[PDB]
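All of the numbers you see were taken from the coordinates with simple rules; none came from a lab. FYI the Cβ positions are ideal-geometry reconstructions off the backbone, even for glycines, and counts take in every protein chain you see.
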Amino acid sequence: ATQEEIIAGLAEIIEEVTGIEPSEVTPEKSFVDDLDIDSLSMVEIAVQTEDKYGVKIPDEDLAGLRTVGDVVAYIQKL
Amino acid sequence: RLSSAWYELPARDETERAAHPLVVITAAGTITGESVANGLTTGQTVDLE
Amino acid sequence: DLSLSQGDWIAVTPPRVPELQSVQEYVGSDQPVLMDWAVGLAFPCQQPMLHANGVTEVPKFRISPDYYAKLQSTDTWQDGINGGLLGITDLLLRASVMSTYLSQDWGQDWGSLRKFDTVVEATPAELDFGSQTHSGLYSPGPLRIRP
Amino acid sequence: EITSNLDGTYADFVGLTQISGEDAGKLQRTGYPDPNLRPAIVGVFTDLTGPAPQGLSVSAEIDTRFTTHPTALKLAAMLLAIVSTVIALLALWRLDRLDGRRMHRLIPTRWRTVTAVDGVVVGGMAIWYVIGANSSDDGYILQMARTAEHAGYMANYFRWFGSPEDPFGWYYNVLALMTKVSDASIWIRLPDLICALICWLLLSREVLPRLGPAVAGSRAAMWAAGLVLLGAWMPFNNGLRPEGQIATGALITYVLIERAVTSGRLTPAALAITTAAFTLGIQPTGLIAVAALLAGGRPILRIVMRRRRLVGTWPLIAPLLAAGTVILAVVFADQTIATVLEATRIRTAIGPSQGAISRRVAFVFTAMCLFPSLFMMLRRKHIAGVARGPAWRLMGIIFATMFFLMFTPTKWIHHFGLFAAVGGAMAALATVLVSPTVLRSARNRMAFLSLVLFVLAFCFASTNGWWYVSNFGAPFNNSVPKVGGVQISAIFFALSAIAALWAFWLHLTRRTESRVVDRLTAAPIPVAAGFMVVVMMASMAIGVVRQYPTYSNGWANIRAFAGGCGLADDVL
Amino acid sequence: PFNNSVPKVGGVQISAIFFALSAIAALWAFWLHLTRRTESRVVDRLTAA
Amino acid sequence: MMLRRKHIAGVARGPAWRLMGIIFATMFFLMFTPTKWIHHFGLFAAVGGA
Amino acid sequence: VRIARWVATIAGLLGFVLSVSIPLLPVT
């Protein structure tokens, strides 16, 4: 769950919202430079991360941390 | 089959021709005519000579 | 009359050069007309026979769609047997269709225009109105409909 | 004295005895107890002239059921229900902002990136707004909108006994208010332009990015959405028959329920409730908005169960049913429930109690895009690029509206207006599904191209005939379209049979890899929609320039700026 | 039985009876869609063939 | 069901798909193209039984 | 909050009761 289970689970939720299979979903690639998300779509994954992890992500810290290393490095900040 | 007597047409003027486009006859019955709902159908042949 | 059949014949009337005018010139925006349901958007300027508190203005003309749509679709939609405006105007007025020609498109059935004519003197009514009635959900009876 | 009441018609002669018959007390009370046999008063006519004899007085009570206006109590109740629901909605918005997420960067980053499809489905929509065809019931709506202001009760003018189709007509009050200014066809149809523009601007920028990264990445998908939108919009709802507004409202409540799911809030859902109520309020064929609310009901109820833990369950469900019932404040503005049930029972008593080259399009733009997309969404359980959630809700809208609108509701069949909005995005779903990167087998793609050409053959079979005055100077208004001797329907059927045998040969040999198919079937939906759009805009362009010095639809709408009538100016 | 009219057993037509039971089954399905049960036996005993 | 479930247990996928293809393929060159009054059920009495 | 919930529920049910009562009101 450190950087394996959580990453895979969050990619299953990315799969739930952005419709990209969990193979391409890795930390090295990101939202607007490699994959395709948007300012509005990222709130869906944010609220689902608030769902399975009790981590009330500020609306500004969500946009501030930019890549998908954001979600890992932040869910491991309980 | 009847050929009618000749009718005195109006004066030779374009300002008369403007606002008198039609010469009309109040005919009846089946008559060959060029409609646009259907083609040039064939009733009877009455026409202005 | 080159036809041996009994269902063929012709009739003829002498030719004329009619004094044509546009509809907007002749029928202005003062005389109310019974525009049929298929043709309202094509004629935007003439006000219809607007009705006020259950009574209508007596219509002067009946601008109507093309003959086939007039016979099969329009008149069935507007007759007295199922509501209709032709319940009141055919019972009162006498329709007499005139001649109309679509300009520079001769041979096109644009529609028709029927001049109504009254059968009496036919003064417009006075209609004394009173307006105090405050029902909750009180509808006094059903309207007269077909049997 | 003669009477004719509800239980009347006893035209009795007071104080007179009958000479033959029975005496029955000798009062001459004769008649039939029946409301069915009443007179139809067109006036009162006589032949006698000169001063009234004392006793002569016909004083009839006319029918005045619907011509009403609300008293002070009912008006104050309406204003209070409106201000109370807006107070409840803004209180819900205040309570709902407990996750933070403030509205920052207005007009989201996926907007303002205008591309060539936007310029096409804006310019061609404006050109169709000017020169294009009207709907069938354009005059039916216009005439009652014109008379409704002076009458003051929105009368269904023609058919029923002056009955107000005020059970559901508020949009006609918008047209009635619009008719205070000049009622030229170029101007009164302005809602059909505005709802087309905001329909497109919602579809391209807020529906399709929500539908997934794949549909947004592919240009062909947005191009197909644009051309199917324009092709479905232009025949049916460029008149006054209010099916562009129902399409727009069903798209609004769908994209708002999408906003509610993706953001995790409840106020876009609460707005989607009253928006679905208003689009249900436009026509009884506005049940597509209810169908969208039902088929996006499960995540909303999940969001309700999600916010149930923190706040009370009751202050969340309360503004929802508030916005659900505020439709009654607008619909019952000057109509009492008694009079609407009376109008309903007249409409069911005597009304109807339950074929052209571009009016049978409905089979082209849902019936061969939604079905292959459905089969692809079923066969592939998880595709790459399509968000499975909103794509399935987009299917459910089109399917669910059929099962209680197409078969059960009585509204003439052959409708495509409504699915102009949401069935536009369905095509954008379909084209990336049948794209060569998702469908791997060339057999299936070639069979789908055969289905495209078969349906286009089915569409061109009929005559190019528009409803009434649009039909002024059209390529093939009288006959079947035949380019080069033989009909073009035969050309599409020959190319469909060629594609069918080309697919069956790949079925037998089992190739799946011949490039020729890849180069051929690369996005066949926007090619078909482009052909339908171009043939319709060509039909009406040839219509306006053929009949130029006389009355066309386009020359009438252009000349309407000059203060001229549409058809009256050139009917001699 | 009903060569001239619509089949009506017991006053109201049997088409209405099937439409009422279809709407009942439709709402019973939609409630299972919302609550997400998938296991109530009553359905198993009802929809067996 | 045959589409959603790729391999069911008890249904032979081959002849079941040919049984579908008979009913579907007859529609696309008999129901719409051939001129024989619509509303037919006779033909599918046999194979549409299975 | 506890200052928006109570106004949300009283205005919710107030709008409900008022809007459903709007067809059965008097008219002149």
- List the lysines whose alpha-carbon lies under 20 Å from that of D:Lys381, not counting same-chain residues fewer than 8 positions away? F:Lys6
- Item | Cα centroid of the stretch D:475-517 to Cα centroid of the stretch D:207-271, whole Å | 32
- Message: If I model a spin label as a point 7 Å beyond the Cα along the Cα-Cβ vector, how far apart are those points for D:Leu520 and B:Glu8 in nm?
- Response: 7.6
- Where the eigenvalues come from the Cα gyration tensor of chain A, what are the semi-axes √(5λ) of the equivalent ellipsoid, largest first, in whole Å? 16, 15, 12
- For C:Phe116, other-chain or 5+-apart residues with amide H closer than 5 Å (H placed, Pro excluded) are C:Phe61, C:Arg62, C:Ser96
- Query: Under the definition of Cα pairs under 8 Å and six or more residues apart, what whole-number percent is the relative contact order of chain A?
  - Reply: 34
- Item | Sites D:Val83 and C:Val119 - FRET efficiency at Förster radius 51 Å, r taken between beta-carbons, to 0.05 | 0.40
- With T = 20 °C, eta = 1.002 mPa s and Kirkwood Rh from C-alpha pairs, the Stokes-Einstein D of the stretch D:303-454 in µm²/s is about 109
- In sequence order, what are the phi-derived ³J(HN,Hα) couplings for the stretch C:103-120 according to the Karplus relation 6.51 cos²θ - 1.76 cosθ + 1.60 with θ = phi - 60°, rounded to whole Hz, with x for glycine and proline? 5, 6, 8, 7, x, 10, 7, 5, x, 7, 9, 10, 7, 6, 9, 5, 10, 9
- Item | Using alpha carbons only: equivalent-ellipsoid semi-axes of chain D, gyration tensor based, whole Å | 52, 33, 23
- What does the convex hull of the Cα atoms come to per residue for chain C, in Å³? 223
- Query: Under the Kirkwood approximation for Rh and a Cα-based Rg, what ratio Rg/Rh is obtained for chain E?
  - Reply: 1.18
- Task: From other protein chains only, count the Cβ atoms within 10 Å of every residue's Cβ in D:104-115, then give the mean.
- Result: 2
- Shielding of B:34-40 by partners, i.e. mean partner chain Cβ atoms within 10 Å per residue? 4
- If you take the beta carbon distance between D:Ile62 and D:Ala349 as r and set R0 to 30 Å, what does 1/(1 + (r/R0)^6) give as a FRET efficiency, to the nearest 0.05? 0.90
- Under 13 Å from a point 7 Å along the Cα-to-Cβ line of D:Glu513: which residues of the stretch D:431-449 have their amide N that close? D:442
- Query: What's the center-to-center distance, using Cα atoms, between the stretch D:62-76 and chain F in Å?
  - Reply: 60
- Mean other chain Cβ within 10 Å across D:312-322 is 6
- Message: Per DSSP helix of 4 or more residues, -39500 (n - 2.57); summed, then divided by the residues of chain D. What does that give at 222 nm, rounded to the nearest 500?
- Response: -17000 deg cm²/dmol
- Message: Residues of the stretch C:27-71 with backbone nitrogen within less than 13 Å of a virtual label 7 Å along the Cα-to-Cβ line of C:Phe129, please, listed as ranges.
- Response: C:51-57
- Residue order, fewest to most surrounding Cβ atoms within 10 angstrom, among D:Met103, F:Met31: D:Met103, F:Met31
- Query: Highest mean first, what order results for D:393-399, D:73-79, D:490-496, D:530-536 on Cβ atoms within 10 Å?
  - Reply: D:393-399, D:530-536, D:490-496, D:73-79
- Given H placed 1.01 Å from N in the peptide plane, which residues other than close sequence neighbours of C:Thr56 have an amide H under 5 Å from its amide H? none
- Query: How far apart, in nm, are two points set 7 Å out from the Cα along the Cα-to-Cβ line at F:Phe44 and at G:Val20?
  - Reply: 4.5
- If packing is taken as the mean number of other Cβ atoms within 10 Å per residue, what is the order of E:37-47, D:121-131, highest first? D:121-131, E:37-47
- Query: If we count other beta carbons within 10 Å of each Cβ, what is the order of C:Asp75, A:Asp33, fewest first?
  - Reply: A:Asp33, C:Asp75
- Task: Could you work out the local net charge near E:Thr35, counting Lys and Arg as +1, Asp and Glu as -1, over the other residues with Cβ closer than 12 Å to its Cβ?
- Result: +3
- Message: What number does the protein assembly as shown give for Rg over Rh if you use C-alpha atoms and the Kirkwood radius?
- Response: 1.01
- Query: What is the sum of charges around D:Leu92, taking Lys and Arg as +1, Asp and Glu as -1, for the other residues whose C-beta is under 13 Å from the C-beta of D:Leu92?
  - Reply: +4
- Query: Under a plain spin-label model, where a point goes 7 Å from the Cα along Cα-to-Cβ, how far apart in nm are A:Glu12 and B:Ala19?
  - Reply: 8.7
- Item | 17 Å tail of the calculated P(r), the stretch C:79-147, as % of Cα pairs | 71
- Query: Given only helices, namely DSSP H runs of n ≥ 4 each adding -39500 (n - 2.57), what is the per-residue ellipticity at 222 nm of chain C, to the nearest 500 deg cm²/dmol?
  - Reply: -1500 deg cm²/dmol
- Counting other C-beta atoms within 10 Å, which of D:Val483, D:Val330 has the fewest, and how do the rest follow? D:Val483, D:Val330
